[PDB]
Amino acid sequence: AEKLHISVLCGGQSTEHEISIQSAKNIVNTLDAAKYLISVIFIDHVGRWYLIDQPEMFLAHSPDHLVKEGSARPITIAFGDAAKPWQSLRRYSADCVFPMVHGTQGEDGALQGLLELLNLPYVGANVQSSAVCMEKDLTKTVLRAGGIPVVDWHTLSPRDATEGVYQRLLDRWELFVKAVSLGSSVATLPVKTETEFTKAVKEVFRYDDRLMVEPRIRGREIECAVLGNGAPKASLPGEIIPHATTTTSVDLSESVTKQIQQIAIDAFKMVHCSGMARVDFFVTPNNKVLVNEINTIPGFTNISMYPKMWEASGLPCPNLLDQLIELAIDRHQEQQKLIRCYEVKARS
Amino acid sequence: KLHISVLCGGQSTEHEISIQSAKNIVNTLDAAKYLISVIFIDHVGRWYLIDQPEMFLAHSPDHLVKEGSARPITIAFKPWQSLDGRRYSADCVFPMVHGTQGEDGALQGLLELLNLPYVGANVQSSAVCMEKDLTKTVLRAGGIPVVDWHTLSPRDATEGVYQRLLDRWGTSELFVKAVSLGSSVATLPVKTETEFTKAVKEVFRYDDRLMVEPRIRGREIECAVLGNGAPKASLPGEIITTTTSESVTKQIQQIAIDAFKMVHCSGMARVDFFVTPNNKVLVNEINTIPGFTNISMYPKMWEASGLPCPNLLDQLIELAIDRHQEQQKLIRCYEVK
């Protein structure tokens, strides 16, 4: 083969389905055509998989259209077939997979888990890191245990009493009642009263089986794109302003910029991330830098902060994508070596 | 009857124990309640379906593969599909792959993608329990007592580390363990600086992260936890040979339950402890797919606690289906909103 086969996964049974498609389109449009034969795997709303092997068609049409036209081919997977994991319902090659499903299934380790079972190289966080970063309270647990400054939180599960919690949190710290693992605004509720609190708790437990309460923090929402495996690099910080308006130009001191970058890298490492993460911070008026979230499959559309921050840092998106693919393949190669050496040792 | 698919084998060093766990499960599942299929994953990651449980009980899966009774399958995104075009039902999956790919969230991830009910810890909880330093990180953060540890990664300098751990733990005898691997070859006792440095090197050939722990003197005690939101603990068992103080017993059971909840486990886990001579109770590991063979501690501890294996299995399946039902409700409600 003269080119590497790249499969971009998008859609999925996730409320970020449409953003996923837009991310995938940018990636497909931006992948160096000289280096890659690009296939797009579309997962529809009921979880059916389709393969589109003409990237140009994916850029030109909605995947739903391609399904209906018949050009997007129903596929399943071929276990054990390391080279050609996709099988028409004819097998198709994949040298590396770019999981670009946001939220449920895509960032929560599920898709990563399938890809591990297929022994395929894939971009970004592995199963464990995806799961840790997906559950925001678990992320903070790991970060704080390692000494990384985070926005404080309080986890509640359905069996916990809700009475007294509001007051105790007010005493400790307006609050947010948030699903631990859901991003949609439907699952993040601002509360100003006890009554609002318990109503919000009830509401969020209709969506997620665990929630977290957070203090509403005054400060700027600063983001930083991290890239790498073992030796992560951090972009220039960007800012988002909920109405959201975004910009890669924020006027932070040399000190704060440096902190954001270093903590982003340290956080990335602390949750054992791979490939990429967008680390989202609050920076308080007193310039305290606080991690709020690590996103392992950040938006990747042409206006999305992750690629925009890198571009603003001197890394054009095509090069970014090449690096993500290289990192993915390198991780896979290293993991395969460890596995095999252990296998030999263990049975001997 | 409900269709139960028991998944075993796997690309894992615990492949053979997995087969034995599965055989016990298939042997013990109530025939009146279940139509049992076995999914066998071979060493190279190929998947096979055996729809005659008695064949699986009578023969090794490798034999069935060679004979052809273990049919190559893939998934249909009736989750299993032959490679006749036939599709096979599954109402609940019993993943029984130990260690790599079985307890580390990957298999759970696939089952999640397929919207199948399945027994045991979910992706997140599997991943947290699989990597032992992460488990301890989460447990200690929540105030659960655990054996001390120090994680090392390949890029960390080793110089002076041994001495520092000696100073922290007041013992010269340590273990250098892979964070995510169970074989004895990935757990190395060290008692000198030289042994430490050699062990670190050795383990880094097998895992990308390792953990150092002090050698703890005391009894190896285990405890089976069962349930979802309302876990119950078995009477403690001990590893000396295995076997199934009222205060210490209570600490064990309670800490096992609290540990189970703290890692957001579901269905089952075996919580492994040390109990020092001074009666200090320390969690060392949580196993989300513990051995399930006819002599394995998890089912034996339950049997000893008044819960026979067939009934244990029924509850595991009921817990899985119930979890699945609640999870679907949540995601449907969220999707609507």
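The name the PDB entry assigns to chain B is D-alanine--D-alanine ligase, from the organism Coxiella burnetii. The title given to this PDB entry is "Structure of the D-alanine-D-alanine ligase from Coxiella burnetii". In UniProt, chain B has this text filed under Pathway: "Cell wall biogenesis; peptidoglycan biosynthesis." Comment text from UniProt for chain B, heading Subcellular location, reads "Cytoplasm".

By the naming in the PDB entry, chain A is D-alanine--D-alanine ligase, taken from Coxiella burnetii. UniProt, in the comment section headed Pathway, describes chain A in these words: "Cell wall biogenesis; peptidoglycan biosynthesis."

Enquirer: Break down the domain arrangement of chain B for me, citing the residues and quoting the values.
Expert: Residues and elements named next belong to chain B. When cut into domains, chain B gives domain 1 (1-119), domain 2 (120-145 + 217-337) and domain 3 (146-216). Distance between the C-alpha centres of domain 1 and domain 2: 23 Å. With 33 residues of domain 1 at the interface, the matching set in domain 2 holds 25 residues. Approximately 2,300 Å² of surface area, both sides summed, lies buried where domain 1 meets domain 2, with 67% of it carried by carbon and sulfur atoms.

Enquirer: Give a description of the pattern of salt bridges that names residues and reports values.
Expert: Residues and elements named next belong to chain A. Using the criterion set out here, one finds 33 salt bridges over all chains in the structure. Of the charged contacts in the structure, one is a salt bridge between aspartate 53 and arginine 73, with a shortest N-O distance of 2.7 Å. Pair noted here: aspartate 53 is in the loop between β3 (49-52) and α2 (55-60) and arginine 73 is in strand β4 (residues 73-77), with a separation of 20 residues, a long-range link. Classification of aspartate 53 as partly exposed rests on a relative accessible area of 31%. For the salt bridge of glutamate 135 with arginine 210, the shortest nitrogen-to-oxygen distance reads 2.8 Å.

Enquirer: Can you explain the packing of helix α5 (residues 127-134) of chain A against helix α6 (residues 136-145) of chain A? Please cite residues and give values.
Expert: Residues and elements named next belong to chain A. Running from N to C, α5 and α6 point in directions that differ by 105°, and their axes come no closer than 5 Å. On the basis of the axis angle, α5 is roughly perpendicular to α6. Note on element contacts: α6 touches α5 through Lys136, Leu138, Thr139 and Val142, opposite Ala131, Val132, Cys133 and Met134.

Enquirer: Tell me about the UniProt feature "binding site: Mg(2+) 1" in chain B, and please be specific about residues and values.
Expert: All names here are of chain B. UniProt records the feature "binding site: Mg(2+) 1" for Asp272 and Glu285 in the present numbering. Structurally, the position occupied by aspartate 272 is in strand β16 (residues 267-275). Among the residues examined, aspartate 272 registers a relative accessible area of 10% and is labelled buried. On the accessibility criterion, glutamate 285 (24% relative accessible area) is partly exposed.

Enquirer: I'd like a description of a positive patch on the surface, backed by residues and values.
Expert: Taken together, the side chains of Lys199, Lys202 and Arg206 of chain A together with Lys329 and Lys337 of chain B present a region of like positive charge at the surface. Tracing the chain through its elements places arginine 206 of chain A in the loop between α8 (194-204) and β11 (211-215).

Enquirer: Residue-level account of the environment of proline 316 of chain A, with values.
Expert: Among the structural elements, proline 316 of chain A can be located in the loop between α10 (305-312) and α11 (317-347). Owing to a relative accessible area of 41%, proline 316 of chain A belongs among the partly exposed residues under this scheme.

Enquirer: Explain the pairing of strand β2 (residues 36-43) of chain A residue by residue, including any values.
Expert: Residue and element names in this part refer to chain A. In terms of burial, β2 is a largely internal element, seven of the eight residues being buried. For the handedness criterion, the β-α-β arrangement of strand β1 (residues 4-11), helix α1 (residues 17-30) and β2 is classed as right-handed. Two elements, β2 and β3, share four bridges in a ladder whose sense is antiparallel. Pairing of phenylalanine 42 across the sheet is with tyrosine 50, part of β3.

Enquirer: Could you give me a rundown of the sheet that holds strand β8 (residues 154-156) of chain A, with the residues and numbers involved?
Expert: Residues and elements named next belong to chain A. Taken together, the four strands give an open sheet; going across it, the order is β8-β11-β9-β10, and neighbouring strands pair in antiparallel fashion. Of all the strands in the sheet, the pair left with one neighbour each is β8 and β10 (188-191). Averaged over all neighbouring strand pairs, the angle between strand axes comes to 25°, with direction disregarded. Of the pairings in the sheet, the one linking β8 to β11 comprises three bridges and is antiparallel in character. Paired with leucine 156 across the strands is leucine 211, a residue of β11. Of the strands in this sheet, β8, β9 (175-179), β10 and β11 touch α8, which is tilted by about 170° from β10.

Conventions adopted
Residues numbered from 1 in each chain as written, not as in the entry; some residues may be left out. Chains lettered and ligands numbered in written order. Heavy atoms only, no water. UniProt positions renumbered as here; feature names shortened; annotations may be inferred. Domains from an automatic or database assignment. Contact = heavy atoms within 4.5 Å. Buried area = accessible area lost by both parts, 1.4 Å probe. Salt bridge = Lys/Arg side-chain N within 4 Å of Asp/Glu carboxyl O. Helix = DSSP H or I, 4+ residues; strand = E, 2+ residues; numbered from the N terminus. Buried < 20%, exposed > 50% of the residue type's maximum accessible area, 1.4 Å probe, protein only. Axes fitted to C-alpha atoms, helices over the stretch in contact; angles between N-to-C directions. Parallel < 35°, antiparallel > 145°, perpendicular 65-115°, else oblique. Patch = residues over 30% accessible without salt bridge, like charges linked within 9 Å, V, L, I, M, F, W, Y side chains within 5 Å. Areas by Shrake-Rupley, 256 points an atom, 1.4 Å probe, with all protein chains shown as cover. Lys, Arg positive; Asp, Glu negative; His and termini not counted. Charge placed at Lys NZ, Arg CZ, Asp CG, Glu CD. Right-handed = clockwise from strand over helix to strand, strands pointing away. Pairing = 2+ DSSP bridges.

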